[PDB]
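To start, the structure itself, in structure tokens.
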RNA sequence: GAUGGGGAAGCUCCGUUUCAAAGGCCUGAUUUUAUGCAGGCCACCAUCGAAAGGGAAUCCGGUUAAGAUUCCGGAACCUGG
RNA sequence: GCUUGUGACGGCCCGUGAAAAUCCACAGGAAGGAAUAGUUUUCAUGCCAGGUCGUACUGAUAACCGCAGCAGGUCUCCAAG
RNA sequence: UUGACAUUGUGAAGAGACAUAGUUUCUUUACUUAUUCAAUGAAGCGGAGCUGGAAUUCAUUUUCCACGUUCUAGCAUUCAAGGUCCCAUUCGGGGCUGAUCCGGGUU
Ligand SMILES: [Mg+2]
Ligand SMILES: [Mg+2]
Ligand SMILES: [Mg+2]
Ligand SMILES: [Mg+2]
Ligand SMILES: [Mg+2]
Ligand SMILES: [Mg+2]
Ligand SMILES: [Mg+2]
Ligand SMILES: [Mg+2]
Ligand SMILES: [Mg+2]
Ligand SMILES: [Mg+2]
Ligand SMILES: [Mg+2]
Ligand SMILES: [Mg+2]
Ligand SMILES: [Mg+2]
Ligand SMILES: [Mg+2]
Ligand SMILES: [Mg+2]
Ligand SMILES: [Mg+2]
Ligand SMILES: [Mg+2]
Ligand SMILES: [Mg+2]
Ligand SMILES: [Mg+2]
Ligand SMILES: [Mg+2]
Ligand SMILES: [Mg+2]
Ligand SMILES: [Mg+2]
Ligand SMILES: [Mg+2]
Ligand SMILES: [Mg+2]
Ligand SMILES: [Mg+2]
Ligand SMILES: [Mg+2]
Ligand SMILES: [Mg+2]
Ligand SMILES: [Mg+2]
Ligand SMILES: [Mg+2]
Ligand SMILES: [Mg+2]
Ligand SMILES: [Mg+2]
Ligand SMILES: [Mg+2]
Ligand SMILES: [Mg+2]
Ligand SMILES: [Mg+2]
Ligand SMILES: [Mg+2]
Ligand SMILES: [Mg+2]
Ligand SMILES: [Mg+2]
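Chains as they are written, first to last, in the UniProt record's numbering: chain A, 24 to 256; chain B, 2 to 253; chain C, 22 to 142; chain D, 62 to 113.
In structure tokens, the structure reads:
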């Protein structure tokens, strides 16, 4: 009111400099950004073969949460914990005479791609987790097939870094169980079951399904509106 | 023998254009948001001579829709446009001399200049003093528009090709006899080093297909084939006929 | 939640931390001693007869002086080496490629007096 | 011109040492009239809208 | 004619703002303290290329065997602080 | 009158006869500012400073290029009766 | 220059054989991510919506266009004035709105 005034402003072409807006949709990202985005895009426009694309189908947050909860107990020794265990055994064994068995038989998760493979081959794993990332995918593409034929229950899980957190590596490609306390044997059969139900059981069917072939939405709408009008007038 | 004249032109040593005095390139506005949804007003601030060009240019200044400032464009002036005039560029603009409009929004028979071959190439067809192009059709599905170029050729382009209503200014320039050598001289002095022209037939054989002989003569047909090769193509390249043209031309 | 909000459509190289040099060994062990002290600046008197004349008539000391050295450096080095005040200092390169400084003393000083105190005549 | 006092570089009137008086006279009239005629345009088309 | 680049077995050739994450000014925030962050800009993209083109500002008198719009005398002017 | 400088004009052109550094002005109004005393260095006066390299002479029927103190060649300013 | 092979992928109709099930191969004509070409200090794209309204209603909307600028050689910039919510009221300052949503495919 005062000596103050409502002036509005006309931004309708041919008048008033346009105001500041969010041009984020328009900014000219660095080539490296551009490339990693179009890698994602090109990678879906192509029809992808069924031995890839059995990935993309990842374990879900709920089941997976339960499947970390279990594993997270079974982490491998910490550096201190081993130092600690050594001195425990280095001392106690060599004198109290113990058979280098003043240590308890350890239960931890098994890891490293090459390790886990031979475990599968030897029917020793009971639950193999495979990461959904992994950039030279070949490292891991054969694992579903592998598990399935060794009759090993598996799941393709979101997060190679998260497989890393539970093993103190930056990333871990694969994580597996082979051992387990009787206290946990139970929830493991349960965990395994859901997991088989989404993967190993669904494996043979997934294997027939190509993926991708997906339009961007500017040319989705193009055909969603071409196909709405043309046929049903 | 030697490399003939028309082969040395390509390396552009003494052969580049004489550029120092030219006003700048002549171009329509960048086909931005204003021009393709509505129109935008400008003012021709000056219409002016471009060295080595037939037709005068028109400095036309507009407002920047995005910054507080004046961005000035260089147009080729259509006959009639004037200092002070307001120029309107845009889809939804009106049909008077000087304005710039997408060939879509002009009835057939409209007469426009500086037209784009594809939308937004900032102007490509009929720019020479005198020249223009006439819209002869439209095909609203796949919005094409058909025009007759100055040559005589008819072509079709996007209806979003922009043109400018009118003809290019300074026409008739070519009706005035040059009269003397010196005027051609000063003519090409502001163009390129293409004048005068020694006849190939006054040269020696190292110099030319046409060189040599105890009298001056071409000594073989001067209609050369398309398939011919550099050093061979002097004369009537790919000529599909030859001789004095008789009776009305004009394409049918 | 959601994304950023760039209002410009040009992306620029982030202004990232420029750390300064903290070596681990020294550049050269022992810094060079002053490469152009007054004794190296002002080389000899010039005692050509015509130079002597500038000394008796002009209150000017004429020195052959380091090529490497400038009008500031010549001035300060005379000022320092000879207890004297200086008005202005013209210089020139001689044709045997050596530098001559005409050095004008202020009106308090008698350069001629000061000539036979440095000890030339 | 950087060695001379600012009165050598202007005349007092709006747009002093930049535009030529008669020219300022002119743009003032034009400014006033257009802004006035502007108001005319608005109340006339406000009328159109409620009488059509 | 360097540069992200693209050619070429390679000596090197092409490109010069070019399919590049290209850079820096004003002061504010410091009163641990010397300068981090706070804005807001500006996106101009090397550089070399004129002793006849462009261009801040000096004149007279006097003086030397040989310098002088350069020294001496007097009297000015510009640029930075 | 002569040489030169400059002005307002006029003829000419299908020829209409550079660029950049740099300087100023204006539009704008962010801001900062008085009465117990504030604002102002585009007014005057006053203080300090101004580096580096070239500077001699010849420029021609002997100081340059023509084997040379060669009747050749080699860009220009000043101009009395 | 002309052909073949490789770069080379996705539909659809049509021909072509085991000899009238569809693995395969070409003619046509679709698609876009390869490849190609223009553009711009990658600025306003594609989709939906508000409003208006032409439109004619065979239950009610079945749609289509629009959806801030054209007497004048002016002026158009300080995240925008207005409106509204906060800070603990200081001067300053900050959201939201003004300027509608959704997809980050610069066109
Ligand atoms: Mg443990
Ligand atoms: Mg040859
Ligand atoms: Mg050129
Ligand atoms: Mg010639
Ligand atoms: Mg001829
Ligand atoms: Mg001829
Ligand atoms: Mg001959
Ligand atoms: Mg020949
Ligand atoms: Mg021949
Ligand atoms: Mg012949
Ligand atoms: Mg003949
Ligand atoms: Mg004395
Ligand atoms: Mg000197
Ligand atoms: Mg005045
Ligand atoms: Mg004012
Ligand atoms: Mg180069
Ligand atoms: Mg230079
Ligand atoms: Mg110069
Ligand atoms: Mg000069
Ligand atoms: Mg002397
Ligand atoms: Mg002399
Ligand atoms: Mg003198
Ligand atoms: Mg003096
Ligand atoms: Mg004095
Ligand atoms: Mg001063
Ligand atoms: Mg003369
Ligand atoms: Mg003129
Ligand atoms: Mg001025
Ligand atoms: Mg402020
Ligand atoms: Mg002053
Ligand atoms: Mg300095
Ligand atoms: Mg001299
Ligand atoms: Mg001589
Ligand atoms: Mg000689
Ligand atoms: Mg001679
Ligand atoms: Mg083919
Ligand atoms: Mg764009």
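Each residue gets a CB set at the ideal place from its N, CA and C atoms; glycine is no exception.
query	result
Between the CA atoms of residue 19(B) and residue 98(D) - distance to the nearest angstrom	50 Å
Inter-residue Cα distance where the pair is residue 87(D) and residue 80(D)	11 Å
Simplified DSSP state of residue 172(A), which is helix, strand or coil	helix
Best match in 69(B), 59(B), 88(B) for proximity to residue 77(B) [C-alpha to C-alpha]	59(B)
Counted within 10 angstroms of its Cβ, other Cβ atoms place residue 161(A) as buried (16 or more) or exposed	exposed
Endpoints, beta strand (DSSP E) assigned at residue 71(B)	71 to 77
Interfacial residues, the region 74 to 93 of chain B to chain A, with Cβ spacing under 7 Å	none
Exposed unless 16 or more other CB atoms sit within 10 angstroms - verdict on residue 49(B)	exposed
Distance between residue 64(B) and residue 35(B) (C-alpha atoms, nearest Å)	11 Å
Chain-ordered neighbours of residue 41(A) on chain B, where CB pairs are closer than 8 Å	66, 67
Interface flag, residue 44(B) vs chain A, CB-CB below 8 Å	no
C-alpha gap between residue 252(A) and residue 244(A), whole angstroms	12 Å
Element boundaries [beta strand (DSSP E), containing residue 200(A)]	197 to 200
Spatial neighbours of residue 218(A) in its chain, beta-carbon cut-off 8 Å, leaving aside the 5 residues before and after	82, 86, 90, 150, 176, 177, 178
Residue 233(B) - DSSP class collapsed to helix/strand/coil	coil
Beta-carbon proximity of residue 163(B) to residue 101(B), cut-off 8 Å	yes
Reference residue 111(C); option with closest CA among 30(C), 131(C), 62(C), 83(C)	83(C)
CB contact flag (residue 40(A), residue 67(B), <8 Å)	yes
Alpha helix (DSSP H) segment containing residue 67(A), residue limits	54 to 68
Integer Cβ distance of residue 126(B) from residue 150(B), believed to fall under 8 Å	6 Å
Proximity winner among 214(A), 191(A), 187(A), relative to residue 102(A) (alpha-carbon distances)	191(A)
C-beta neighbour in chain A for residue 28(C), strict 8 Å	yes
Spatially closest choice to residue 133(A) from 121(A), 57(A), 147(A), 123(A), by CA coordinates	147(A)
Close-in-space but distant-in-sequence residues of the same chain around residue 23(A) (CB under 7 Å, 5 per side omitted)	Here chain A has residues from 24 to 256 only, and residue 23(A) is not among them.
Residue 121(A) versus residue 109(A): straight-line alpha-carbon distance, rounded	13 Å
With 16 other Cβ atoms within 10 Å as the buried cut-off, status of residue 267(B)	Absent from the model: residue 267(B). The displayed extent of chain B is 2 to 253, so no value can be given.
Residue 219(B) classed as buried or exposed, judged by whether at least 16 other C-beta atoms fall within 10 angstroms	exposed
Residue 79(D) Cβ short of 7 Å to ligand 3 heavy atom set	no
Three-state secondary structure (DSSP) of residue 66(C)	strand
Counted within 10 angstroms of its Cβ, other Cβ atoms place residue 30(B) as buried (16 or more) or exposed	buried
Euclidean distance between Cα positions of residue 40(B) and residue 33(A)	15 Å
Ordered list of beta strand (DSSP E) runs contained in the region 95 to 181 of chain B, each at least 3 residues	101 to 103, 112 to 114, 134 to 140, 145 to 149, 155 to 159, 163 to 166
Extent of the continuous alpha helix (DSSP H) run through residue 205(A)	205 to 221
Per DSSP, cross-strand counterpart(s) of residue 64(B)	71(B)
Which of helix, strand or coil DSSP assigns to residue 87(B)	strand
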